[PDB]
Structure formats: C-alpha cells, structure tokens
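Listed next as structure tokens is one chain, alone, in the form deposited in one PDB entry.
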C-alpha cells in the first residue's frame, strides 16, 4: 500500500491481577497482560488476549491510553 498510517485499532485494557477462565465464554489473562477490548456490557467486557476471546469484569483491568514513549516491541 502506497500510504496510510494504519492503526485505528480497538481499545486495550491491561489486567491488574491474573484471572483464569471459568465459564466457556470467560476470558483468561495474567497480571499485566494486555487485552484487546472488543465490546462492553454493564461491567463485563468482551476482549481477546493470547488467542481466546471471552468476557471479563472490567474491574480486574484498567483502560490504557497508548503504548506511548515506553516499549517498541518490534
């Protein structure tokens, strides 16, 4: 592609504590994992981290701004 900065990607939220899945439709993360947020119920958010998809109470996470001025994991 000749031009176009890309990168209009979905919300991410970093997990604050590890939480295994329980239901089928529950997400599984570790402490300080980064989850691709994808939808938001009342408190439970759908998001994807390490090939799952699933739902999780957002209370276990925080929204992040950008990955800004810290790493550049190329």
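Numbering follows the first chain given and starts at 1.
There is another form of the same protein, the form solved in complex with a partner chain; it is not shown, and what comes next is about it.
Although its partner chain is omitted here, in the bound PDB entry all of 41, 44 and 53 have a heavy atom within 4.5 Å of it.
Although the partner is absent here, residue 62 sits far enough away that none of its heavy atoms falls within 4.5 Å of its partner chain in the bound PDB entry. Put simply, residue 14 is far from its partner chain in the bound PDB entry: not one heavy atom of it is within 4.5 Å.
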